[PDB]
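Below: one structure, written as structure tokens.
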């Protein structure tokens, strides 16, 4: 492979052999808009490593990661998260009664 300019994400390219039974505390790194990085600590090795996002057991975990890396895609319609610019959208829930 030729040497790229300086494109680099927090984690380098991940391992497509890592197992769920071989991994410890598992986290996904929120990159620049990079390939979501599954950062894992190896259960036996103790070493930090990244899991391949396309791994068949990872795809399931990815769903979890998708629930983590969620932006203003819906957020229902009663929750006005609040921004610091413009805010031309209005999500009101003035019917507080339950």
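Residue numbers (the entry's author numbering): 1 to 98. We put the CB at the ideal spot given by N, CA and C, even for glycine.
Mind checking residue i: buried by the 16 CB within 10 Å criterion, or exposed?
{"i": "residue 34", "result": "exposed"}
Tell me where the beta strand (DSSP E) around residue i begins and ends.
{"i": "residue 66", "result": "Premise fails: residue 66 lies in the alpha helix (DSSP H), 58-68, not in any beta strand (DSSP E)."}
Name the residue from the options whose alpha carbon lies nearest to the alpha carbon of residue i.
{"i": "residue 90", "options": "97, 42, 74", "result": "74"}
{"i": "residue 45", "options": "12, 18, 78, 2", "result": "18"}
{"i": "residue 7", "options": "28, 32, 41, 26", "result": "32"}
{"i": "residue 27", "options": "51, 98, 9, 4", "result": "51"}
{"i": "residue 63", "options": "43, 71, 53", "result": "53"}
{"i": "residue 14", "options": "41, 79, 5", "result": "41"}
{"i": "residue 22", "options": "93, 48, 84, 87", "result": "48"}
Name the DSSP beta bridge partners of residue i, please?
{"i": "residue 38", "result": "28, 51"}
{"i": "residue 23", "result": "42"}
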